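Observations on chain architecture
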Amino acid sequence: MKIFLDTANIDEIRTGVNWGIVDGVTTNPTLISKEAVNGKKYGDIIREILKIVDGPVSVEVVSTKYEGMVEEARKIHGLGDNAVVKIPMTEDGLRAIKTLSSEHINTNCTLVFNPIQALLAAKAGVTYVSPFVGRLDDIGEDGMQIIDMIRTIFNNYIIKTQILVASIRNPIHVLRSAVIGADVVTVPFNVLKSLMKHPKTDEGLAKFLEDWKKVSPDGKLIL
Amino acid sequence: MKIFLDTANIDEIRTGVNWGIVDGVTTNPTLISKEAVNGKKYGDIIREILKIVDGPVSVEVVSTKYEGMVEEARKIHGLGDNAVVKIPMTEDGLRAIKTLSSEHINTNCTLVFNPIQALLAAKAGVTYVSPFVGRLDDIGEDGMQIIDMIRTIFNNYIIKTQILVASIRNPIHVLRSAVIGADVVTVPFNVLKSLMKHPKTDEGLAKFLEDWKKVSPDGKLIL
Amino acid sequence: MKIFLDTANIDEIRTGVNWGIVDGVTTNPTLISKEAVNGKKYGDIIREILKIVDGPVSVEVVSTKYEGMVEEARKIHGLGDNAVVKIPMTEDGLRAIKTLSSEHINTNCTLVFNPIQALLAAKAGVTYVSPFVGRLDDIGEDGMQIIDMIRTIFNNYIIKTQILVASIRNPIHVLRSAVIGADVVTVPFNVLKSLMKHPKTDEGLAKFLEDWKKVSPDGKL
Amino acid sequence: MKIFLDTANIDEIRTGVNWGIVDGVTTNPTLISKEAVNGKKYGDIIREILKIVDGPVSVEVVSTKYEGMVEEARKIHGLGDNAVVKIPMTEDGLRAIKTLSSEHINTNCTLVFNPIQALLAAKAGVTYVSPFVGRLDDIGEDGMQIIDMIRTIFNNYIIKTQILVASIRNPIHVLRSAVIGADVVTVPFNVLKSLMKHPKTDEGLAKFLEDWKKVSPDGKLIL
Amino acid sequence: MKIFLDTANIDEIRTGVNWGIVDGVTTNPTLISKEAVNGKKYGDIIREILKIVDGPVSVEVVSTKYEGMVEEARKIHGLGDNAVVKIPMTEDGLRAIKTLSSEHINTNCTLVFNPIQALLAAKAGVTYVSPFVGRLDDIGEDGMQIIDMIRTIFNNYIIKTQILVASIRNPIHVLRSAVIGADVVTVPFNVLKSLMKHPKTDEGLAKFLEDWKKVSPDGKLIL
Amino acid sequence: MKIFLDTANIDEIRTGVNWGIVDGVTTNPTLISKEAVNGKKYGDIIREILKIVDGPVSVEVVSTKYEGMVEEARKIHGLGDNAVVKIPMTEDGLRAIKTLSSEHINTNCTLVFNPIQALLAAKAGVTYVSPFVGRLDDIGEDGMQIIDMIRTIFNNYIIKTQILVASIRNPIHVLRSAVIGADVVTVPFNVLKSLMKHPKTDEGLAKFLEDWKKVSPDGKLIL
Amino acid sequence: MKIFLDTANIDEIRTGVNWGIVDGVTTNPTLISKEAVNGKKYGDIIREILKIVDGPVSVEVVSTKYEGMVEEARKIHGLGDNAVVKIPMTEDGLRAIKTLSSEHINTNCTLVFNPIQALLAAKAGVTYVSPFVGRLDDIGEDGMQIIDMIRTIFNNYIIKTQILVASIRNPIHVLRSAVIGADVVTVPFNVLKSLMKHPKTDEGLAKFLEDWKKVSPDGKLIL
Amino acid sequence: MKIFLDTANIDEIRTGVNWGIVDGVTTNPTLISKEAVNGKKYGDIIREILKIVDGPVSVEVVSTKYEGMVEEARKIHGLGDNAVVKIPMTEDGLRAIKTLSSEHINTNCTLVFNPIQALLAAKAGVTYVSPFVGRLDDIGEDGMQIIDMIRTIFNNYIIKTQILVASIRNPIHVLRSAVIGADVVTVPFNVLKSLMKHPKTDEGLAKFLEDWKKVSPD
Amino acid sequence: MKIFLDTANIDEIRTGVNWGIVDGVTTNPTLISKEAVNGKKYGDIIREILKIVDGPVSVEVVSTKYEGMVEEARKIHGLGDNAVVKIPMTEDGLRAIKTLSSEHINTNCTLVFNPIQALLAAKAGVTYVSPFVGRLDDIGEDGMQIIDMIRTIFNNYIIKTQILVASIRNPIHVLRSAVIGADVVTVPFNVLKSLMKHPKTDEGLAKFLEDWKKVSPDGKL
């Protein structure tokens, strides 16, 4: 399972990449808006992310119309080989995906909330689909069940579109995604950090340290 | 999973194909007649669809007897290599399917209501079998269960006949067909249009747009 | 399981009632306004339905504010003892349901789309809760799963609020509702009229008549 | 799933084959003793049923002893390469099957009533095993469960012996056989006919005819 | 299922109570610390909550020692009949619960992370146990499974202690609690608010309003 | 679920009882001998436990023959109305249990390793049956499965003999016993002590303490 | 679950009863024909087996016809109120059971091999039904599944007929009977003896003896 | 599924070999001692079985020590290429199996009663492992469950060791072994014969005979 | 499934190796320091174990910092080709594993308590991951469930990291591991020595000897 970071915050990205556990980044217009404040420009933010991340970086078009989507998508693609064009699940969006796929431009269909939307995006030839599990949770429906269904549907038809679980809120979204076999999860930084941690890991390390001090007061391993 | 339209309206066909999620077309004399207005010739409508659609277009034979069915099926086949001849599940229809299959004329066995009917049609060499799920629902039997059994039977024997789910009435017939692994669904243009929609898609897109305006007043993405 | 008819069409209601299988009626502002055209007034349509139907008849408030909702509810109640006040699942709606329940006015909480909304409506004291299964189907989610969860939740807490399955589109919503154990279904007329029918019933009746004529040429017993 | 006809009555093969859903024929001493009356000889019977069939015809030995069974089997064989010799599940029967299998004579082990008897016949090299599901039903045991176990056992060991469901009494034996994945079912000509029928099919055809008459009051599709 | 509000924020409490959907309140030392700032005293906050909430209000002891726990618990109890003394799952805590239960003082055992801790608290006679599902989620374990086990254990022994699901983070914690049959959930205000909402409710109300305007331009129901 | 200690140490007993989660005591000659030091009389230790414990204390008979077992059991019973006589699953032990049960002397059938042994002991009238789960685990068989079957058998026949899970080695034996619905577990004092612990309990309590100090410098709760 | 002894051999009742685990006895013509040799008469046999048993003794009629069966049953009865008359599952058998049940003579219907035969015997008023699980095992059918179905059927209808599992061959027939909830099992005296044994029991006793010798080198518990 | 005959009785083997439904034979010291009476030598009993039986013949070493085991084994092997050396599940036995496997001498590890024992035998390179299901039944545990677990474990690790179900007591042990997918069952003679029988087969043969008499009075 | 011995006790290791059923050894700082007493040096204990054991031998770094971890890892590797470097599940640990994997030094990620930690370790390229089942049991959670999830996750992504079940306390952890399909178990000596044994094996051997003596009074073949 690939793990992407879901943020436009450059510090978070630099940090996660250096932990070596981040395989790509997703952004969206909200995430970018949060960073493009106090004189910081969205164009600079987008270019910098592409620059410092080796894996896929998703950048969303803002046009709602077919022609605007493809125009902006080709611009995004032109920014770097690792750029992936996010396109929303709409009529114009599917048309754009079909065109962009025929142009060999990688795409990510976003704002997906049920399995049939995911299938339609896959049929249009999208590279990734991004269902928003947390926003389904928000409305009283267990979002992970939609990931399970998408995985089954894709398996049925040997679909190569990657399932990219998005709107992740907690480490159980991550665990269930892995158990289901989703291709990718994209997670906020605070979630990313939490995935490494466990109280028994902390406790176990402290105990090993204490016991070792008995055999080596300076705490070193001299071999 | 392939998606066919129950329609004879080229505008709908063109639009669905442009979305990249329509793989062929299913017709009947009524669907075609519907369009034969304001100078439109019944025959031109069918030949126009055949020419424009890269994939399959099902057209029903009206004869009820073997000889009439094969003569009619041959005339249908003569109109396009992608025409598929729709033949009902009857004793004479099975005989017709067997003959036509040997002539390498593609076929679609319709009015299928249980899995053994579907198996017999596959044994005669039929290209597609079309169970009518909504008509089972109509009589208080869950039509999708018949699709599930047909998928299992066909899988057991590596049967190459495609399951074409028909009499579809709602997007859950579509969802369940995908999860089961049916080869094809055929749907009205409006059922088709509904398949892309979700209120969280609309709300999410609206919030993205609003947030983007905060950093790009004219709503543009200049890259 | 009770079976209600989901319509404001008087002709459909008379026909269904005459069949003997309609236990009540549900209306909503869309259904009523569909009928209230070409001269017909909504107040007349609502009164007529109340008169015709012996069983519960759901009529929805239009106010979005608590105060307006309770005022309209009391007027609806005043129209006849079989009237049931439909109140939407909103903050003001829950307040209104609680007040109306205390005044012993039967209520029906509508526009319910998940099991927790249904539980909130029950906690407010609502008489019926009406989840919309077909509208969930419309957006790619199996609406009947919500009914199954609501039945389990209500069973767990011995909740007396009745589960009223609404936005029904086909006879399988009805079958599944019965297997789950929902208290009520409300069905459009076209669905209602299909529930008694089966092709093997028709065929069996024909066969029985055929065979009986061999006994009595005239066809009587 | 292959479908054989299970009768000795010539009136009840050509037409089944013409439907494209008949793969062969079976019989038995009883079924033979039914048509070998009023001047018709069993010799004539069995003959009339080999030349025309592009498939398998099961013919049952009457000898209860090894030498007799094998002698009979050779005679039966001699009548054609597609002849299949039916041998009961007995000590001598297993011996005969092993010998005949080594002589490349095709065999069908009948009177099988549990899964271990089926395995034994397979181990002796039998071409088909025929469990009698209806006779298990007669004694208050669901016969189809035996077919399910045999399927599982044969799958476990990649056994090439074909499961031939016999003593079929209704269309649900047929349905369940297909869902389980039995290789073959043998059914009387009439059960066979019932398999294609459904009242919604009849209804559907009448609807199609009615509506075609609207499009074209004549009753024929001119193309 | 009872729904408590998990907060010490007086405005949130007043608001939730007036929605009529809140049956009680839980606090803890962190929650209170958040409010007891800028001159506001914890004693005043606690008394005000007890004052304005009719249902149970949980207030946690801060002593870690048996004698301190019971001293503080009796003080809390003395503040009002609706007060429930929160006691942590520790050795001294269980001793305190046993004593306080014999004194007819309602108790709530908190910081519970597995089912056997819950059982021990129930054996000591506690009125509620409060497992922290979100903090289990935090460490990569699905916290709702612990609620399921506790429900089964309590059902087994007809235990009257109430299961109070705490550390709730989202509406799916709430939904799963209800399906399991937990006695109580305690939720933060933002979660509380979300439970009432659904996009199709909003959409449905807007449509009813629009349609009604056709029949009554002023939008009123005059009866 | 009742909890017994495998111990003869009054300090442990007193402590566990004070926690409110110990319902009785199980002993053996070794456990008792352990404590018989520094002037301590073997006999006084057993009589002290009997007097102090309100509930049950199991003491094993050492005779292997019927007459010896009943004479010894009577002497054990004479020491306290709460003494329970532990008798092994043997032919003579069953005879002894039947006799003793008629004298209304409570009994505990030990060295039970399968569910039918447990059923026979219940049929003889035994008060408790003690399956040794850890000793089954020792030989590569999951001991808790035997507890599960005994619970089902006892439930089937409304058997009033209590299932006393013994040879417990870890807290999961305890958890599984509770989920199954065993009547009693017997555990060493240290297994018992471990049952209350969880690292999230410790961390949570520490954070609560820290947060409280922010508003009450001396860490007190003055109410 | 009641436990009967299934033999006609007097050497193989007093001791079973003394263990407190025997509720009664059954026999049959074969088992009788085994002990009625070398000068012993069946009359003597059956007698020696009624007076001493505080329970049920099954005695089988030999007549195959109604009048004879009922005549025999009265004689059998006359020997004691606890006598139970064994009647085979036949047309005349069902008649006899109905008559005897109306005369308040207790009956046991034997030679039952499927669940519907069991139901029929219950409907005629039989006191016990005895399915032969081992003889089903002999013919490649898991006999215990029949007991499971009978249990379910009897539960559905609150049937008071007791299920008496017969033709028991091993301890797992006994275990499964108990788990299913059969009312009774009848077993030979030896199978009976095997039921109490387990090698870990033997091992455990030896351990206890060894360690007792440490506490008290003498070998006796002085209390 | 292969089927072996589990006996040391020459008459039974002969009768069963004559059926041609036997794929091999297992013996053990108990069963050998049964027939090694009335002047009969165990050595004669074994060479005889080996000669008559084409398939694998399991013959058990009697030594309990490693060195006595491999020497015994090597001499059992010398008696015929179809000989399979039966070695018990013990420390020395595992070591002997390791040595014998490497010498390309086929082995059968016996007295196995749980799945981890069976795994240890497979790790030693054993050709067959023989769990004793009936002896588990005897002590109140369903023996077939152990076979089910061994099949799963062996599947997990693509283990080539064959599962040889032993201590078989009835035809349901056999049926369940087949459904699980055990490689081999070994059965006592009375069990083997019963496996072909069923009352509806008998009733069926009779009816066919009766009806055939109508068609040809012969 | 490989079976490793979890101890730094030389006598236990020699004994287990001589039995032929030990495929490797795992150590940790607690196990080593237990042995490194009354004059014994840890460097000598570690070297001795490496010499005795043919299979993989896990030896844990003590540094908590990346740089220290890699330095110590290289020294451990230098002690013998069978050495496997144990690295804890921490941020610095994952970095160290990635670097060491690139240098073709076998690694074992330890102190793993949930399936996502295990996945992170695999993504870093670790040779083995070692979840601690008994320590999960200690805190009231069935540790084996974590192994089952890790096996499923690893299967889904065709992950080549070996699952090494650690903190094993009884033979059922071992049985369950095998049924799940874990690649390795590491077991304390007391558990190791129980795996070959069963009371029915002992009884069957006794019976076989008894019966054989009736054939040969001297007891040979």
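Residues numbered from 1 in each chain as written, not as in the entry; some residues may be left out. Chains lettered and ligands numbered in written order. Part of a larger assembly, values for the part shown. Heavy atoms only, no water.

Determination of this PDB entry was carried out by X-ray crystallography to a resolution of 1.780 Å, according to the record.

Looking at the PDB entry, chain H carries the name Probable transaldolase, with the source organism given as Thermoplasma acidophilum. Per the PDB record, the entry is named "Transaldolase wt of Thermoplasma acidophilum". For chain H, the Function comment in UniProt is given as "Transaldolase is important for the balance of metabolites in the pentose-phosphate pathway." What UniProt states about chain H under its Pathway heading is, verbatim, "Carbohydrate degradation; pentose phosphate pathway; D-glyceraldehyde 3-phosphate and beta-D-fructose 6-phosphate from D-ribose 5-phosphate and D-xylulose 5-phosphate (non-oxidative stage): step 2/3." (UniProt positions renumbered as here; feature names shortened; annotations may be inferred.)

Chain A carries the name Probable transaldolase in the PDB entry, which gives Thermoplasma acidophilum as its organism. In its Function section, UniProt records this for chain A: "Transaldolase is important for the balance of metabolites in the pentose-phosphate pathway." Quoted verbatim from the Catalytic activity field of UniProt, the annotation for chain A is "D-sedoheptulose 7-phosphate + D-glyceraldehyde 3-phosphate = D-erythrose 4-phosphate + beta-D-fructose 6-phosphate".

For any two helices packed against each other, one specifies the inter-axial angle together with the distance between the axes. Residues and elements named next belong to chain I. Relative orientation of the contacting elements helix α8 (residues 144–156) and helix α9 (residues 171–180) amounts to 15°, with a least axis distance of 10 Å. Classified by the angle their axes make, α8 and α9 are roughly parallel. Handedness of the α8/α9 crossing: right-handed. Of α9, the residues touching α8 (which contributes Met144, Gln145, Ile147, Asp148 and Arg151) are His173, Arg176, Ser177 and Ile180. Of the residues belonging to the contact of α8 with α9, the class tally is 3 nonpolar, 3 polar and 3 charged. (Axes fitted to C-alpha atoms, helices over the stretch in contact; angles between N-to-C directions. Helix = DSSP H or I, 4+ residues; strand = E, 2+ residues; numbered from the N terminus. Parallel < 35°, antiparallel > 145°, perpendicular 65-115°, else oblique. Left-handed = near helix turned anticlockwise from the far one by under 90°. Contact = heavy atoms within 4.5 Å. Nonpolar A, V, L, I, M, F, W, Y, C, P; charged D, E, K, R; others polar.)

All names here are of chain F. If you trace the 8 strands once around the closed barrel, you get β1-β2-β3-β4-β5-β6-β7-β8, paired in parallel fashion. Going from strand to strand, the sheet's axes swing by 30° on average, the running direction of each strand aside. Bridge count between strand β1 (residues 2–6) and strand β2 (residues 24–26): 3 bridges; the pairing is parallel. Residue pairing across strands places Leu5 opposite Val25, the latter belonging to β2. Across the face of the sheet, helix α5 (residues 91–102) comes into contact with β4 (83–88) and β5 (107–112) while running at roughly 155° to β4. (Pairing = 2+ DSSP bridges.)

Here we come to the pairing of strand β3 (residues 57–60) of chain B. Residue and element names in this part refer to chain B. With burial as the criterion, each face of β3 is covered, one bearing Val57 and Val59 and the other bearing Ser58 and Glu60. One ladder, built from 2 bridges, connects strand β2 (residues 24–26) with β3; its direction is parallel. Each residue of the ladder has a partner; that of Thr26, found in β3, is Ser58. Direction of pairing for β3 relative to strand β4 (residues 83–88): parallel, over a ladder of 4 bridges. Bridge pairing in β4 places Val59 opposite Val85. (Buried < 20%, exposed > 50% of the residue type's maximum accessible area, 1.4 Å probe, protein only.)

Frequently, the measure chosen for interface size is the accessible area that the parts lose on association. Counting residues at the interface gives 36 residues for chain B and 40 residues for chain A. Approximately 3,700 Å² of surface area, both sides summed, lies buried where chain B meets chain A, with 70% of it carried by carbon and sulfur atoms. One can count 2 salt bridges joining chain B with chain A. In this structure, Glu91 of chain A and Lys197 of chain B form a salt bridge, with 3.2 Å as the shortest nitrogen-oxygen distance. (Buried area = accessible area lost by both parts, 1.4 Å probe. Salt bridge = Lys/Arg side-chain N within 4 Å of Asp/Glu carboxyl O.)

Residue and element names in this part refer to chain H. Residues annotated by UniProt as "active site" correspond here to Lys86. Position of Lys86 among the secondary structure elements: in strand β4 (residues 83–88). The buried category is assigned to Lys86, whose relative accessible area is 4%. Every residue in contact with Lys86, bar those within four places of it in the chain, is listed here: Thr26, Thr27, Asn28, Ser58, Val59, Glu60, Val61, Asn108 and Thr110. In terms of polar contacts, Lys86 uses its side chain to reach the backbone carbonyl oxygen of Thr27, at 3.1 Å. (Polar contact = N/O pair within 3.5 Å; in protein donor to acceptor, adjacent residues only side chain to side chain.)

Our next topic: the pairing of strand β7 (residues 162–165) of chain C. All names here are of chain C. In terms of strand pairing, strand β6 (residues 128–131) meets β7 through 2 bridges, oriented parallel. Each residue of the ladder has a partner; that of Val129, found in β7, is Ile163. The pairing of β7 with strand β8 (residues 184–187) spans 2 bridges and is parallel. Counted as the bridge partner of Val165 is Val185 from β8. In this region the chain leaves β7, passes through helix α9 (residues 171–180) and returns to the parallel neighbour β8; the handedness of that crossover is right-handed. (Right-handed = clockwise from strand over helix to strand, strands pointing away.)

Looking at chain D next to chain F, you find no contact at all, with the nearest C-alpha pair sitting 27 Å apart. At the C-alpha level, the nearest point of chain A lies 19 Å from chain H, with no contact between them.

The subject of this paragraph is helix α8 (residues 144–156) of chain H. Spanning 13 residues, α8 of chain H covers 19 Å between terminal C-alpha atoms, matching the ideal 18 Å at 1.5 Å per step. For α8 of chain H, the set of buried residues is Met144, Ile146, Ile147, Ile150, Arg151, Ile153 and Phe154 of chain H. Next to the buried residues of α8 of chain H lie α6 (115–123), β6 (128–131), α7 (133–138), β7 (162–165) and α9 (171–180) of chain H together with α9 of chain I. Backbone geometry just downstream of α8 of chain H places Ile158 of chain H in the positive-phi region, at approximately 50°. (Expected span 1.5 Å × (residues − 1).)

Contact with chain I, which involves 5 residues of that partner, is made by 5 residues of chain E. Around 290 Å² of area is buried between chain I and chain E when both sides are counted, 35% of it from carbon and sulfur atoms. Run the count over chain I and chain E and you get 0 salt bridges. Counting across the interface, chain I meets chain E through 2 residue pairs in polar contact. When the residues that make up the side of chain I that touches chain E are grouped by side-chain class, the tally is 2 nonpolar, 2 polar and 1 charged.

Our next topic: the pattern of salt bridges. When the charged atoms of two side chains lie near each other, side chains of opposite charge can form a pair. Using the criterion set out here, one finds 97 salt bridges over all chains in the structure. Between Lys214 of chain E and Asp211 of chain E there is a salt bridge whose closest N-O contact spans 3.2 Å. Of the two residues, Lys214 of chain E and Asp211 of chain E both sit in helix α11 (residues 199–215), 3 residues apart, roughly one turn of that helix. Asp211 of chain E gets classed as buried once you look at its relative accessible area, which sits at 7%. The closest approach of N and O atoms between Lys207 of chain G and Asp211 of chain G, which form a salt bridge, is 3.7 Å. Of the two residues, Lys207 of chain G and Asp211 of chain G both sit in helix α11 (residues 199–215), 4 residues apart, roughly one turn of that helix. Among the ionic contacts, a cluster of salt bridges with common partners joins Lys41, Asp44 and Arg47 of chain A.

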